[PDB]
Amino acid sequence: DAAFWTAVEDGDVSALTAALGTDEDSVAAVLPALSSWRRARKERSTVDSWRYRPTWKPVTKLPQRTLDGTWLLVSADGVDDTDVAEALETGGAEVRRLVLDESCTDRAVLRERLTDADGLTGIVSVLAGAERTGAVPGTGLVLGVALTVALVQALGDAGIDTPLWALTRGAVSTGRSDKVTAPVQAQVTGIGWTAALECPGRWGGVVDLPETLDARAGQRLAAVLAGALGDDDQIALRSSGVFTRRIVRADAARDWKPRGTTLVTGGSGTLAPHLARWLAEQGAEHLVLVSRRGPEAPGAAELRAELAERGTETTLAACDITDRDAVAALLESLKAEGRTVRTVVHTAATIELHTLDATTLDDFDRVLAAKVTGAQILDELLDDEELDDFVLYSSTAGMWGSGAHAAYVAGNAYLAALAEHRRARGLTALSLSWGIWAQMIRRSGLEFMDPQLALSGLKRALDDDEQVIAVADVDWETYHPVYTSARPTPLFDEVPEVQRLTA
């Protein structure tokens, strides 16, 4: 068999006409079409091993357990704690409220408030409630987001090794009819995931909270906070009970074709070229590539021409997607040609590394602002009528944590949520998590992907009206052990090849 297929895989051989004994003239009559059919099969089959979804697994049996000692409950602005204070009280603990203000975004200012606060038993932050937007210049950062990075920083500054937990509400979808209601808080989740990795000694976990925290949910939360679930840190809480998160392989409904005008942000970018070629191969009649540099960008003028030869008019535009009125200018402009944007693809991003201890608000802001303010602005303006697609580029760094990627994970998890939140209200949106496209890097367990195969991923996704998926080549037998080397986790236990390993 391997012999047989190898022979057809390469072609230009008679090892077959031997092994089969059918003349020879009727071999190369069939050979290419068979050689094709297995090129195709080989490529569907590999791609298949690249797709993954995050999913929520019910906890069948929640070990009964209560809280002990003292717990600091960290809020801000006008974030209500009561409902959560009550659960910790009735769950057996003594509660220290620590309210914060915008000036605490400063890690020095904040550490000054952690006096009379050692030998705590646990810490609990409901800073994700602080969704307010204009309260820390000159950043565009969300209040609670900043305070969160602050809080983590101050505690490592102060040397407080007591375990920290973050609570969101409305940032996860356990599925069913569990709408995402506050995509913003998924930023904190994002940091949470990452802090798990960076400072595993003092990170508890993160918990989405149900619309209403009743008594049972109270008790449940208290048990989770206590330590009930061991190493299981990503947790949702519903009135139906408790779920922990897993990453699963996707199971191996229509067609898809680029109509009207297609917008692509991050045009000056690295991946942008592959996508634009690809889209021109799908019959794209007009591509708008947007990017601050835009026209006068290092590959801009030649790929413009390369696409103009295949029949695709591609207008380069210079615009900053962080600019409500520039983008509004451009959008309203084309509508006056008049175009119709049927598809947006949002690759606008600046990937800068940075650790949580090191980073500053301004690094954090720099990384987020393009992806994020990008999407909200696109989300505000775009017509939402007729435009049948709205694809967001994302990363596994953001379907789960990565060391030193806190902001990018924060930004990427927001994309997914904003995607889930839009679908929730009946609007189209796909957040797709790549995946590294084509050595220091490659030993981490990640493998690089062919841009075309990788775009096969995206085709399938677009055909299937997905809302969030990953497309990535992972060698789990080296990835997993790297990943867990400090902190252990069940996040990947349901990935078959990761099971074999565990045994």
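Note that residue numbering follows the sequence shown and begins at 1.
Counting the deposited residues that fall between residue 358 and residue 359 and carry no coordinates gives zero.
The modelled chain is continuous from residue 40 to residue 41, since every residue of the deposited sequence in that stretch has coordinates. If you average the C-alpha B-factors over 465-473 and over 42-50, the higher value belongs to 42-50. The PDB entry records a higher mean C-alpha B factor for 333-341 than for its counterpart among 391-399 and 333-341. Going by the entry's values, 385 shows the largest Cα B-factor out of 385, 198, 233, 208. Of the residues listed, 250, 110, 164, 418, the entry assigns the biggest Cα temperature factor to 110. Sorting the modelled residues of the chain by their CA temperature factor places residue 354 in the highest third. Annotation for residue 133: C-alpha temperature factor in the highest third relative to the rest of the modelled chain, per the entry. Among all modelled residues in this chain, the alpha-carbon of residue 451 has a temperature factor (C-alpha) in the middle third. Per the PDB record, residue ranking by Cα B-factor puts residue 491 in the lowest third of the chain. Per the PDB record, residue ranking by Cα B-factor puts residue 227 in the lowest third of the chain.
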